[PDB]
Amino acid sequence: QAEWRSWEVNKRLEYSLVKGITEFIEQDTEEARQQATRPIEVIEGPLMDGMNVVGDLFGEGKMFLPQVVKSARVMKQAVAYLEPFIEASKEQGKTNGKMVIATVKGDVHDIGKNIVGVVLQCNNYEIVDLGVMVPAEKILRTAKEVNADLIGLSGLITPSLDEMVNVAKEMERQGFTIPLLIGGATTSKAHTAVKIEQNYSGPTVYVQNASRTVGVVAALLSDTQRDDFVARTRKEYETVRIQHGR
């Protein structure tokens, strides 16, 4: 075995990602699977780190698109393997809610819009994923028609941030009332507080990652928790504008 093939499973995952090696992903993911308490952990641990580095190497031009593209296929393959180990974890239960999630317009990144989808799914919620590059009006038309309890927007490229600010305003125009969930690698609480929220009277909660989304969605949907959380949050967003020199 090549020396790399002897490193720590976690260090082997990262390598595979970077290099775009699809030959050992499954057997590596599985080994990593058995060590973690929860499948989601391998995804948000090793796998994500691996994608981070890929991100960087690409950013410093030490990596190119055709390569990040091979790295994505490996990530994709790794997630795919875990997916049933996730869905086996959801006994009984019906539905706690429903969310129309979608990668904003101009953006084709979805690897994450998906992990959050698969997670909320095995948590008993219905996720109508509109896909990548979906237009604001098609976001709302579906949110209405399906009667979603929330809407999640994913965004990874700079311009996306604006499409988010935009569907926030558009939602308000149609006088929506459902909590807006924002996320995606290039999304920060700062921007969500500073540039997104203000454009909408309903809750707009920036959530950092998939596993933490379940926590918000429950709150946003709990008759007890709702009003408090939404305030705590609104007040937290009030502070950050203060700091950024409003």
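From 1 onward, residues are counted along the sequence shown.
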Quick check: 75-83 versus 90-98, which has the larger average CA B-factor in the record?
90-98
Take the C-alpha B-factors listed in the entry for 115-123 and for 154-162, compute each mean, and give the stretch with the larger one.
115-123
Considering only 198, 187, 204, 34, which residue's Cα atom bears the greatest B-factor as recorded?
198
Listed options 9, 25, 230, 18: highest C-alpha B factor recorded at 9
Which third, lowest, middle or highest, does the C-alpha temperature factor of residue 139 belong to within its own chain?
lowest
Third of the chain, ranked by Cα B-factor, where residue 131 sits
lowest
Within this chain, which third does the Cα B-factor at residue 221 fall in: lowest, middle or highest?
highest
Using the B-factors in the PDB entry, rank residue 110's C-alpha atom against the chain and give the third, lowest, middle or highest.
lowest
Just say lowest, middle or highest third for the CA B-factor of residue 55 relative to the other modelled residues in its chain.
middle
